[PDB]
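Only one structure is covered here, and it is reproduced in the block below.
Number of protein chains: 2
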Amino acid sequence: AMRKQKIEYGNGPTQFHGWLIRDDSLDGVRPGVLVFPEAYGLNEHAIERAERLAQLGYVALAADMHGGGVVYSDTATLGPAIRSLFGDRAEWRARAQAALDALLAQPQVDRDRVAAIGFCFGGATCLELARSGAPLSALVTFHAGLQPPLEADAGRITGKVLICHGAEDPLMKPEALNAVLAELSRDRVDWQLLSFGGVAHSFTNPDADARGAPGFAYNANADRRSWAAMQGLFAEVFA
Amino acid sequence: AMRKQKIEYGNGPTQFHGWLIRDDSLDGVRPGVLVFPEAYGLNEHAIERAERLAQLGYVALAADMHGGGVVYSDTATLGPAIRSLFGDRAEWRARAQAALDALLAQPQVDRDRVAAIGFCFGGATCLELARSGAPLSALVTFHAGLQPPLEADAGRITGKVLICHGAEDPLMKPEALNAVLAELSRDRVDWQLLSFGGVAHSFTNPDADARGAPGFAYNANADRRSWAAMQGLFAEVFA
């Protein structure tokens, strides 16, 4: 029953092709939530989560971080594109900011109540957007390979942070994770780390099955628990 | 509204003075939850949490771990009493098992659905009780100084574990917490760690006010968030 529509946004050097979802039957301004997808691109997994957020009463924008709606399917083809973003965090943040712009342009979005969630690379994207100083009230990352802190970002995260983490995730090792947590603690960010034992990468995606590589596996419990923790953080900051 | 009654229990060595709290508006067998208090003794803070569990539909037993209902207020005498349990974990576990016995003796308790929570030393007590092999479906610790693992306990934890942890807690430092998590991971315990940035010991007790010592401070958010996580875990295992 959720109103679902394509949205093209961004400045023309290849436009982003995303999805906007909201509960048509609700009225007035509502919180908006960005959904940043896994590295491959905007897939049904990300769109379905945007639909769940709409059912929770939010205006959700499932973002395209590649341009043109491109969804990679091999790591050899994906590798150039993702390494380019890792090496150019200014461009990476600009792409995320373009999604925020498009969300803020919706008539139904409360500009003072905007948050972001992200899966894998999308969770890293949320943190990059927050580090740029964007006015996110909250952000939640799910099995994300978070990037190292940069001095120039000190003090720029104004929202709350929830990191949902598989304790055995090989793409977010303890030393790198502790360095991120030390940035957040230094700047007195309200952060929470929810770590799951026996859980690794991609734990929210049912397509991460036994055919996948070691360290990439769906976990139904972690999926449900992390979603519940995100729902509780949003209830907090959107009250 | 909650039915609240003193209960004296034990099997010889000492006689414990606890509180049994339940919603007597509900019929049939109900899940039971042990509440182990802070090191001082069975105080109002612990009884109040047992009351809240009763309101959730559980039969709650707020445990006395010293005997006689004694509540210490001087560190010069409480210290030795706690360290004596630290050095005799068999005795420590027997006192916790006496509480479990008294909970299971209630006509209204579903002995297939029993859990335990604890604050500070009480959270350490929950983990000792589970390591003994007690049939706890779940346990949740709140700012607990958990004790190091014993090989004899390998594989004896049959329930789910949620550890709610102030990242700055001086009584539970990273190296020692990692050793506990290594035990749980080795035995494939379904465990979760919920860590709070900028939060330390005693974060659930408002009595840990500004007059206290460093590293002991109430945090309203961590209090609410950890309680909500515990609620979600019990909703899981008691379904």
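Same order as they appear, the protein sequences are chains A and B.
So that you can map any letter, position 234 of the first sequence is 233 in the entry's author numbering, and since no number is skipped, the others follow by simple counting.
So that you can map any letter, position 236 of the second sequence is 235 in the entry's author numbering, and since no number is skipped, the others follow by simple counting.
The beta-carbon is built from N, C-alpha and C at its ideal position, and this holds for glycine as well.
Close Cβ partners of residue i (< 6 Å) along its chain, the five nearest in sequence each way excluded
i, result
"residue 105 (chain B)", "58"
"residue 144 (chain B)", "123, 170 and 171"
"residue 45 (chain A)", "34, 36 and 61"
"residue 163 (chain B)", "141, 193 and 225"
"residue 235 (chain B)", "none"
"residue 52 (chain A)", "32 and 59"
"residue 84 (chain B)", "91"
"residue 237 (chain B)", "30 and 112"
"residue 205 (chain A)", "217"
"residue 19 (chain A)", "4, 6 and 60"
"residue 63 (chain A)", "15, 16, 17 and 41"
"residue 189 (chain A)", "159"
"residue 180 (chain A)", "none"
Cut-off 7 Å between Cβ atoms - residues of its own chain near residue i, not counting five sequence neighbours on either side
i, result
"residue 129 (chain A)", "135, 138, 156 and 158"
"residue 28 (chain A)", "107, 108 and 109"
"residue 178 (chain A)", "147 and 148"
"residue 79 (chain B)", "none"
"residue 223 (chain A)", "none"
"residue 125 (chain A)", "35, 115, 116, 117, 138 and 140"
Beta-bridge partners of residue i, as assigned by DSSP
i, result
"residue 163 (chain B)", "B:141 and B:193"
"residue 18 (chain B)", "B:5 and B:61"
"residue 29 (chain A)", "A:108"
"residue 200 (chain A)", "A:215"
"residue 115 (chain B)", "B:33 and B:138"
Buried versus exposed, by CB contacts within 10 Å (16 or more), residue i
i, result
"residue 21 (chain A)", "buried"
"residue 13 (chain A)", "exposed"
"residue 50 (chain A)", "buried"
"residue 86 (chain B)", "exposed"
"residue 94 (chain A)", "buried"
"residue 173 (chain A)", "exposed"
"residue 203 (chain A)", "buried"
"residue 191 (chain A)", "buried"
"residue 182 (chain A)", "buried"
"residue 111 (chain B)", "exposed"
"residue 9 (chain A)", "buried"
"residue 154 (chain B)", "exposed"
"residue 201 (chain B)", "buried"
"residue 11 (chain B)", "exposed"
"residue 82 (chain A)", "exposed"
"residue 17 (chain B)", "buried"
"residue 23 (chain B)", "exposed"
"residue 97 (chain B)", "buried"
"residue 151 (chain A)", "exposed"
"residue 48 (chain A)", "buried"
"residue 75 (chain B)", "exposed"
"residue 209 (chain B)", "exposed"
"residue 199 (chain B)", "buried"
Cut-off 8 Å between Cβ atoms - residues of its own chain near residue i, not counting five sequence neighbours on either side
i, result
"residue 149 (chain B)", "88 and 130"
"residue 54 (chain A)", "1 and 22"
"residue 211 (chain B)", "201"
"residue 77 (chain B)", "38, 39 and 71"
Expected contact under 8 Å - CB spacing of residue i and residue j to nearest Å
i, j, result
"residue 133 (chain A)", "residue 99 (chain A)", "6 Å"
"residue 186 (chain B)", "residue 214 (chain B)", "Actually they are not in contact, since the Cβ atoms of residue 186 (chain B) and residue 214 (chain B) sit about 30 Å apart, beyond 8 Å."
"residue 102 (chain B)", "residue 56 (chain B)", "At roughly 15 Å, the Cβ-Cβ gap does not stay under 8 Å, so residue 102 (chain B) and residue 56 (chain B) are not in contact."
"residue 116 (chain A)", "residue 229 (chain A)", "6 Å"
"residue 31 (chain B)", "residue 113 (chain B)", "5 Å"
"residue 91 (chain B)", "residue 127 (chain B)", "6 Å"
"residue 66 (chain A)", "residue 15 (chain A)", "6 Å"
"residue 184 (chain A)", "residue 166 (chain B)", "7 Å"
Evaluate the contact criterion for the segment 37-49 of chain A versus the segment 67-74 of chain A: three or more CB pairs, one atom per stretch, below 8 Å.
yes
Specify whether the segment 214-230 of chain A and the segment 194-204 of chain A touch according to this definition: at least 3 beta carbon pairs, one from each stretch, less than 8 Å apart.
yes
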